[PDB]
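J.: here is the input, now give the coordinates:
(2 chains)
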Amino acid sequence: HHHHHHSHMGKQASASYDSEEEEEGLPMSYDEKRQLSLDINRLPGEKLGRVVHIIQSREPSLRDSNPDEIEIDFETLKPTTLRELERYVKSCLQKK
Amino acid sequence: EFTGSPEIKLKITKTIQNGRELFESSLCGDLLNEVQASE
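T.: Numbering: from 1, shown residues only, chains lettered A, B, ... in the order given. Okay, here it is:
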């Protein structure tokens, strides 16, 4: 009356990931800042949801100082951020 | 003299208006000239 039962089992695997898409940071011309500004200006207040959101996301000093009167200075912003405004607007213009 | 500033910027004013509260784009609209001739 005696038994012997050894059992050892140890597993791991999790290498499924894919997300790293970088911004272009492309040279945005001054004419493109003005055009972009006008194209966002013709978009109504609830379309401005993403617009202001990515400006507060990049620029934290505006977020804390003025959550009310948020000066989105297109001509003096990041060309990466201006590409995010570019991505949004052209997706919201060019249907299909 | 003027010393007027252009600046390509839209001041998004977080306002509450209508049945649906919306915030709208504006700018720093002070120091009006509004036509001249006697100058």
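J.: what about the one residue in chain B that gets nearest to chain A, how many residues nearby?
T.: Using CB to the nearest CB, residue B:22 is the residue of chain B that sits closest to chain A, at 3.0 Å. C-beta: built from backbone N, CA, C; applies to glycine. Using other CB atoms under 10 Å in any protein chain shown, residue B:22 has 15 other residues around it.
J.: and it, what does it touch?
T.: A:44-46, B:15 (CB atoms under 8 Å, 6 or more residues apart in numbering or on different chains).
J.: can you check residue A:38 too?
T.: Residues near residue A:38 by CB under 8 Å, 6+ apart: none.
J.: hang on, it in a strand?
T.: No - per DSSP: H, G, I helix; E, B strand; the rest coil, residue A:38 lies outside any strand segment and is helix.
J.: quick one: it from residue A:31, how far?
T.: Distance, residue A:38 to residue A:31, by CB to CB, to the nearest Å: 11 Å.
J.: which residue, other than its chain neighbours, is closest to residue B:25?
T.: residue B:10 (4.0 Å; CB to CB, 6 or more residues apart in numbering or on different chains).
J.: same check on residue B:21?
T.: Nearest to residue B:21 is residue B:15, by CB to CB, 6+ apart, at 7.7 Å.
J.: wait, isn't the one you found in contact with residue A:70?
T.: No - assessed by CB atoms under 8 Å, residue B:15 is found out of contact with residue A:70, at 11.6 Å.
J.: what's the longest strand along chain B in contact with?
T.: Using DSSP state E, we find that the single longest strand of chain B is strand B:9-13. Contact with strand B:9-13 is made by A:37, A:40-41, A:48, A:51-52, A:55, A:68-76, B:23-28, as judged by CB under 8 Å, 6+ apart.
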